[PDB]
A.B. asks: 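Quick one: the structure is below, questions incoming.
Chain letters run A, B, ... following the sequence lines, proteins first and then strands; every chain starts at 1.
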Amino acid sequence: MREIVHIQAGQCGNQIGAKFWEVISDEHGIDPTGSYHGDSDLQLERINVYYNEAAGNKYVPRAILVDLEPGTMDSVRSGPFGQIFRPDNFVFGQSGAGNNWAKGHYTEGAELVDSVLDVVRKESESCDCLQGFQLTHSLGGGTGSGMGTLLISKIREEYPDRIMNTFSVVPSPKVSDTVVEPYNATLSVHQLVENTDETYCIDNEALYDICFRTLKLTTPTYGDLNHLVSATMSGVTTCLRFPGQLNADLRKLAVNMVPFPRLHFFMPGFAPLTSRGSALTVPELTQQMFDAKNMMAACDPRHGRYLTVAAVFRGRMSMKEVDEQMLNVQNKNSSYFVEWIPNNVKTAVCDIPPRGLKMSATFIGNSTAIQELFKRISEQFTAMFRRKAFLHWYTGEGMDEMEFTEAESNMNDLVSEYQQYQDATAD
Amino acid sequence: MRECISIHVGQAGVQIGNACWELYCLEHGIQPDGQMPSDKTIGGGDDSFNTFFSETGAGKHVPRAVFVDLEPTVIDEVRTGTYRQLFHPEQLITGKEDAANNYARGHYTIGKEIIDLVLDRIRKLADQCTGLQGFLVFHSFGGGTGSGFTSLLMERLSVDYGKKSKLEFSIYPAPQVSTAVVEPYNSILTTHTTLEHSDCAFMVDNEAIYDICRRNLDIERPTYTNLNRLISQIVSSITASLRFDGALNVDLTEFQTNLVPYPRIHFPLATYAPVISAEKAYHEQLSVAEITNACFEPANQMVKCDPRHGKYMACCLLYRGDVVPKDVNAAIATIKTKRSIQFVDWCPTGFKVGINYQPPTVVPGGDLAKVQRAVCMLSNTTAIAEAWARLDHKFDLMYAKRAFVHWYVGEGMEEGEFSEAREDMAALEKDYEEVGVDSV
Amino acid sequence: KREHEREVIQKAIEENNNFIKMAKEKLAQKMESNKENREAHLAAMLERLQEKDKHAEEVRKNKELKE
Ligand SMILES: CC[C@@H](C)[C@@H](NC(=O)[C@@H]1CCCCN1C)C(=O)N(C)[C@H](C[C@@H](OC(C)=O)c1nc(C(=O)N[C@@H](Cc2ccccc2)C[C@@H](C)C(=O)O)cs1)C(C)C
Ligand SMILES: Nc1nc2c(ncn2[C@@H]2O[C@H](COP(=O)(O)OP(=O)(O)OP(=O)(O)O)[C@@H](O)[C@H]2O)c(=O)[nH]1
Ligand SMILES: Nc1nc2c(ncn2[C@@H]2O[C@H](COP(=O)(O)OP(=O)(O)O)[C@@H](O)[C@H]2O)c(=O)[nH]1
Ligand SMILES: [Ca+2]
Ligand SMILES: [Mg+2]
Ligand SMILES: [Mg+2]
């Protein structure tokens, strides 16, 4: 089969990691000690993508859990489904990085990195035909961001030809008070633009606004943000996990979604938006996922163009209806689709609906609007760095200033590259 | 005495292969275990169906067929399906990792890992033939295996079999069912690579078949199974001349003589009639004239293009079932004199016709009505060039910005291969223009 | 006439042989050239990554060179 190896790192990576496994295990119909008790054979057809086989017909997440904090490890083992992870697959450090990227990437992270690689090798080597890797992490802390991007460099060295996928959570002042996040993020993006094939942009600014503004949540928690992140992750991996024609593995998705090697950052979308504790039509579904309010990155799609889009509809609905509505959507919105990439929206229909939803929609867009997110990160980075603030935290670890410049301007190049393709015409 | 070997390549080739073999079994009275009660020669014979099936001493009739995919899940269904006892496991070849919609992987990276094994299994089939006629290759233009593997295979078969004819049935991509944005790239690359190696190619436009299912069979959202059943009828009409014999049967190679005026101009347009559901056929024979005229209606074509805006260079008709010469002659004379059909001035305006008495069959639980008489027409029209122009334009839109090109370069290709392929297509389009201009 | 008949079948054979030879040749040049391109493209990716290792020792050396 075509196995994915999952890696979660830092507090965030591990929170969203766990929910993902909670959700998809439910979907595939398996209990907290890994026994199948589902009612449909489609739950097992491609179960190996995400799970190994055990004795006694026990299924085990192909997952590797990492943090420089030993703490989050225990709070993972405590949650539901904490008892399913292979116990050798936990790899924890001593200190914690305390929001310092350089610690994550060069020093403390480096010292732990080799022991992570060992578990990755163990998993990989067993694999019949490994498709590649997915990493969940945040970009504002020190472990998820710095150690996570180191891990990625290191894995790409040993598996140069497998696909490398991240779920990257981007920082917002609205959610974390740390002044230093724009540093951790810019240095992260610098690594990702070189070393990942596809990166899902989960923006905490977007997730906060949906929870406050749309979902009526009063003071929204992390659990509240993570509810959205897991719905999204379930949606974007459906195609990987159940049988189907379209984007059925990582390379096929990349090939459909990434027209230029550096433009590999997607805004995901979902409809209907909900929180925990209490049906749309095909046309509402369809209109909603092309709407700025349903985007997990804080970008207005009407401020750019799509290079490529995948849509995934779930639930027992009419295929002819989805086809019509999808055509409809492209006709009424033709301006926002680059004309020089024909037939650039693809559509998948999966009968299996998610949890307590009769029908839903997930959207994955490679839009030139995502530059908004980078420009915002850029404005923050440069507010400080100009007044060389807090630099001492990083240089102290051996980093030169130059590395900051290079990363700043690699992300500027990126922005201006999106703009270039937003502007291009057919003649 | 002339065996044909079928090669089914990638998901489309393979799935169309099952539909075709299933249907051939039904046509010839061969059961899913290979036994054929009505065949009195056990272990061999030189009957007409032996061009497509060999025979074991145990009386099993085995397809002269290889199935190839770079990934196992499609062929796995054939290994465990209804027809799993039809094929020797050696005729079913799979790798572990597919071409990811990327011609470059099917041709070089992944394909090169399995090409000698495939040649090898083909050579086992060739070796059991007393008078090997050639090959029929089934494959999509759009997939990575369908495109890059097939073209690699075609190159190597030219080297290992020189003489031997090779016919293609190629699935041409449609947006209603396609799965890759780079399908225009794969299609232009495979056409350029395959053009010198193929003798005759039948394009099946997935949009044309999709629409025929919607409109003539009232299927709301046609699936592969739906399209493959219809496509299987067209393929069967075309191979019928090799699989049966009869006093009025004209052999596929004779049609070929008429259909290919110049080596590069070898893409016939197929039109099939009647495609009619059971409910609508109840209390309705369509006569010879009716089904014949229906070959000149573009809604029945298997590529979208318009022959009323181009010129014919050949026109062949393959009738099956309850059909007699008096009626064919009369129906064609009518079309002639009703002047609806224009030939290039360098080509006589005749109609080569064949008739096989065997009536068409349908697979159980399908959507096609079973009819008395059907007809497949093969024409060579300058209009088939339209299909190439639509693809060439999509190619051009993407390639001017090098969109997606990095995926091919990362697998070893050079931009030079792209522009060389596309120039070859520009030339093919000039060719179909030149043959249509009046002589001096 | 009989010498001409002989030339004709000879020409047939020759042109067929030459078609095979050219195809073998073009196939083999394309394969080895594709092999080289793909090697280069992987060599460069790995050395970029090697240069990340040099730079990361260089960042750690520089740290411990601070008293
Ligand atoms: C005053 C400091 C914070 C309490 C608060 N506000 C701020 O940080 C300030 C206030 C205004 C100026 C700039 N902003 C950024 C805040 O609401 N924060 C940090 C929350 C996060 C916080 O929410 C509160 C108010 O309790 C936390 N939530 C959890 C949490 O969800 N824990 C769950 C488990 C969990 C999950 C993820 C991480 C840790 C623990 C447990 C259950 C209850 C659940 O699922 O909801 C832990 S800390 C959101 C912005 C995400
Ligand atoms: N008519 C028909 N078309 C198909 C079928 N399966 C795939 N296609 C079409 O074929 C093209 C996709 O190519 P595939 O044959 O699936 O690809 P492949 O040859 O397996 O190549 P990789 O998956 O890239 O290794 C698209 O145009 C599909 O619409 C089928 O069963 N019938
Ligand atoms: N959505 C979401 N964001 C988080 C979560 N935990 C932390 N964050 C954000 O993560 C960033 C800090 O990274 P964190 O994971 O705590 O640092 P690490 O442990 O060094 O990887 C800040 O931007 C937080 O606001 C979470 O569980 N969900
Ligand atoms: Ca016999
Ligand atoms: Mg931390
Ligand atoms: Mg395939």
Side-chain angles (χ1 to χ4, degrees), chain B residues 167-168 170 172 187-188 191-192 194-196 198-205 208 238 250 252-273 292-318 328-354 375-396 421-440:
Chain B
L167 271 43
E168 292 180 71
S170 306
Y172 173 106
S187 298
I188 261 65
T191 300
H192 164 59
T194 284
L195 194 53
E196 269 209 297
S198 163
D199 297 301
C200 194
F202 303 103
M203 289 189 304
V204 189
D205 183 353
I238 291 167
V250 167
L252 190 49
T253 62
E254 281 183 73
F255 293 125
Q256 269 181 254
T257 300
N258 270 30
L259 289 164
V260 184
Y262 304 91
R264 293 163 51 90
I265 304 299
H266 61 237
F267 302 87
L269 175 60
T271 312
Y272 188 78
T292 302
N293 304 139
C295 302
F296 291 94
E297 301 185 56
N300 309 327
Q301 296 178 176
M302 66 171 214
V303 182
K304 305 266 260 214
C305 60
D306 195 21
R308 300 154 313 168
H309 305 320
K311 281 153 169 209
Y312 285 87
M313 286 173 279
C315 182
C316 302
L317 300 151
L318 290 52
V328 174
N329 293 330
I332 285 131
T334 279
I335 276 167
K336 268 201 95 82
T337 70
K338 201 147 224 173
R339 301 271 224 81
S340 44
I341 268 89
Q342 205 160 97
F343 282 79
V344 302
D345 63 7
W346 53 255
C347 164
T349 84
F351 293 79
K352 192 137 209 63
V353 173
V375 65
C376 181
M377 164 164 110
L378 304 170
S379 55
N380 183 22
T381 321
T382 56
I384 196 122
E386 286 177 54
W388 306 125
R390 297 192 298 274
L391 269 189
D392 285 340
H393 179 55
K394 289 185 179 192
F395 186 103
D396 282 351
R422 168 70 187 92
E423 281 158 4
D424 203 11
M425 304 299 296
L428 186 68
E429 288 189 63
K430 234 170 104 200
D431 295 342
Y432 270 96
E433 179 193 54
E434 285 160 357
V435 302
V437 168
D438 268 349
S439 321
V440 213

A.B. asks: Check whether any side-chain N or O of B:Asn300 sits under 3.5 Å from a backbone N or O of B:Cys295 as a donor-acceptor pair, and report yes or no.
C.D. replies: no
A.B. asks: Hey, what do you get for NE2 (B:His266) to CD (B:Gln256), rounding to the nearest 0.5 Å?
C.D. replies: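 So the NE2 of B:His266 and the CD of B:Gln256 are separated by 10.0 Å.
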A.B. asks: Between B:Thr382 and B:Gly310, which heavy-atom pair has the shortest distance, and what is it?
C.D. replies: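 Distance-wise, the nearest heavy atoms are OG1-CA, 3.3 Å.
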A.B. asks: When you measure from the side chain of B:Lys311 to the backbone of B:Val344, do you find a donor-acceptor pair of N or O atoms at a distance under 3.5 Å?
C.D. replies: no
A.B. asks: Roughly how far, to the nearest 0.5 Å, is the CG atom of B:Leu378 from the SG atom of B:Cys200?
C.D. replies: 8.0 Å
A.B. asks: Compare all side-chain heavy atoms of B:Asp205 with those of B:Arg390 and state whether any distance is below 4.5 angstrom.
C.D. replies: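 Yes, close enough: below the 4.5 Å cut-off.
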A.B. asks: Output yes when a side-chain donor or acceptor of B:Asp345 lies under 3.5 Å from a complementary backbone atom of B:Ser439, and no otherwise.
C.D. replies: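 Flag set: sc B:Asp345 to bb B:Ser439 pair under 3.5 Å.
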A.B. asks: For the atom pair CZ (B:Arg422) and CG (B:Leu391), what is the distance rounded to the nearest 0.5 Å?
C.D. replies: 10.0 Å
A.B. asks: Report the distance from atom CD1 of B:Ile332 to atom CD1 of B:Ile341, rounding to the nearest 0.5 Å.
C.D. replies: 11.0 Å
A.B. asks: Do B:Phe296 and B:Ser379 make a side-chain contact, defined as non-hydrogen atoms from C-beta onward lying under 4.5 Å apart?
C.D. replies: no
A.B. asks: Check whether any side-chain heavy atom of B:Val375 sits under 4.5 Å from a side-chain heavy atom of B:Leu317, and report yes or no.
C.D. replies: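 Contact flag for B:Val375/B:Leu317 side chains = yes.
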A.B. asks: Do the non-hydrogen side-chain atoms of B:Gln301 and B:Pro307 ever get within less than 4.5 Å of each other?
C.D. replies: yes
A.B. asks: In the structure I gave you, are the side-chain heavy atoms of B:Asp392 and B:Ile188 within less than 4.5 Å of one another anywhere?
C.D. replies: yes
A.B. asks: Can you see which heavy atom on B:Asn380 is nearest to which on B:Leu259, and at what distance?
C.D. replies: ND2-O, 3.1 Å
A.B. asks: Taking side chain as C-beta onward, heavy atoms only, is B:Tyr312 less than 4.5 Å from B:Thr349?
C.D. replies: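 Side-chain contact under 4.5 Å: no.
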A.B. asks: Please step through side-chain contact (heavy atoms from CB on, under 4.5 Å) for the pair B:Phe395 and B:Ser187, ending with a clear verdict.
C.D. replies: CA-CA 9 Å; B:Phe395 186 103; B:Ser187 298; over 6 Å; no
A.B. asks: Assess whether atom CD of B:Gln342 is packed by more than 12 heavy atoms of other residues, nucleotides or ligands within 6.0 Å.
C.D. replies: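 Result for CD/B:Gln342: open.
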A.B. asks: How would you list, by chain and number, every residue that makes a ring pair (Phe, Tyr, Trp, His ring centres under 6.0 Å) with B:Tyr432, sequence neighbours excluded?
C.D. replies: none
A.B. asks: Run the numbers on B:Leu167 and B:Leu252 for side-chain contact (heavy atoms from CB on, under 4.5 Å), then give the verdict.
C.D. replies: CA-CA 11 Å; B:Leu167 271 43; B:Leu252 190 49; 3.5 Å; yes
A.B. asks: Where do B:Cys305 and B:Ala383 come nearest, in terms of heavy atoms and distance?
C.D. replies: CB-O, 3.3 Å
A.B. asks: Looking only at non-hydrogen atoms, find the nearest pair between B:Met203 and B:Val303 and report the distance.
C.D. replies: O-CG2, 3.4 Å
A.B. asks: Working to the nearest 0.5 angstrom, can you tell me the gap between B:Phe267 CZ and B:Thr381 OG1?
C.D. replies: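 Reported to 0.5 Å precision, the distance equals 13.5 Å.
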A.B. asks: Is any side-chain heavy atom of B:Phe255 closer than 4.5 Å to one of B:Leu318?
C.D. replies: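 Result yes, sub-4.5 Å side-chain heavy-atom pair found.
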A.B. asks: Does B:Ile335 form a side-chain contact (heavy atoms from CB on, under 4.5 Å) with B:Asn293? I'd like the steps, not just the answer.
C.D. replies: CA-CA 8 Å; B:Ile335 276 167; B:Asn293 304 139; 3.5 Å; yes
A.B. asks: What's the shortest heavy-atom distance between B:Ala389 and B:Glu429, and which atoms?
C.D. replies: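 Distance-wise, the nearest heavy atoms are CB-OE1, 3.4 Å.
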A.B. asks: Using the test side chain to side chain donor-acceptor pair (under 3.5 Å), find all partners of B:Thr253 that sit at least two apart in sequence or belong to another chain.
C.D. replies: B:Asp251
A.B. asks: So does B:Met313 get a backbone contact from the side chain of B:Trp346, meaning a donor-acceptor N/O pair under 3.5 Å?
C.D. replies: no
A.B. asks: Determine the minimum heavy-atom distance between B:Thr194 and B:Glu168, stating which atoms define it.
C.D. replies: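 For B:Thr194 and B:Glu168, the tightest heavy-atom pair comes out as CG2-OE2, 2.9 Å.
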A.B. asks: Given side chains that start at C-beta, do those of B:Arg264 and B:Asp424 come closer than 4.5 Å, heavy atoms only?
C.D. replies: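 Counting from C-beta outward, B:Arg264 and B:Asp424 do come under 4.5 Å.
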A.B. asks: Between atom OH of B:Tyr172 and atom CH2 of B:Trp388, what is the distance when rounded to the nearest 0.5 Å?
C.D. replies: 8.0 Å
